[PDB]
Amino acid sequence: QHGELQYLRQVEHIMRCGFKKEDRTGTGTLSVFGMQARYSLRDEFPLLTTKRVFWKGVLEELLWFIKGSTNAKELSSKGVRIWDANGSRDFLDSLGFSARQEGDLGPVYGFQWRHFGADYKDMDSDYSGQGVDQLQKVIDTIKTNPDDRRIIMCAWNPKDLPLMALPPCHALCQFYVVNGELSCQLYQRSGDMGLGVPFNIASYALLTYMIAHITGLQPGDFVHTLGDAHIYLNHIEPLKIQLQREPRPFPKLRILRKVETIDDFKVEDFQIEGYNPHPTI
């Protein structure tokens, strides 16, 4: 019945039927290919309870995406340092970007969502009016023709791939509308069930809530589709303890004011109610 049981079953499935694989760095993982879960967004927000999810991070990262920013320093100054390692001088130099400034992640998510097709110079350049604004295109389509089957937002850009500090995990997401409800399916090519995935679920569940607010629709379902679903070997024991835990009722997300555009959203507009996560592992 509870939505979190689906995630727990997926983690259990990988431990149960996964194959021993390897990484880019070489650490070792248990992996399964092709998984799908469906989380209900009706009167509840999917922020996992068996293990704490960095809420401030998902909120600040998404507002940073919408802003169209590719500067990691703009997210770091907000207290969210999850992209700092990829924007460092050392990492950018190992990829061959020496003339590039520090913090410049290349044409990642934000740039693809707002300026698809545009030529990328640097993080400080003005890209207004350049490229295809997929985000606004999504919102407008939901407002004009909700039955459309092409309401898609793609971050996977083969042409811009060599320039990105890190290739997109969330390659593509599609929206759907029935009975005044807004659903969303995410295609995640690679997902770490131990840390990344629970953060990813929350992020896109928030995106769906945001767009539903602007279009006057109600949040429906969130279909999470995975490509390479893995669990790192050094996390087998902690996750074993997490599987034994009983899920607490999912919290509730509340938007405190009526906003017209997606750009007008602020941290103060969001309120999480009833989030009681289990201790640390």
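From 1 onward, residues are counted along the sequence shown.
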_Of 93-101 and 192-200, the one with larger mean CA B-factor_ = 93-101
*Which is higher on average in the deposited entry, the C-alpha temperature factors of 158-166 or of 177-185?*
158-166
_Out of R52, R254, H213, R38, highest CA B-factor residue_ = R254
*Among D84, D133, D148, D140 - the residue whose C-alpha B-factor is largest in the record*: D84
*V11's Cα B-factor: lowest, middle or highest third of the chain?*
lowest
_CA B-factor placement of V58, once the chain's modelled residues are sorted into thirds_ = lowest
_Taking only the Cα B-factors deposited for this chain, tell me whether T208 sits in the lowest, middle or highest third._
lowest
_Third of chain Cα B-factors occupied by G28_ = highest
*asked:* Can you tell me whether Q112 has a C-alpha B-factor in the lowest, middle or highest third compared with the other modelled residues of the same chain?
replied: lowest
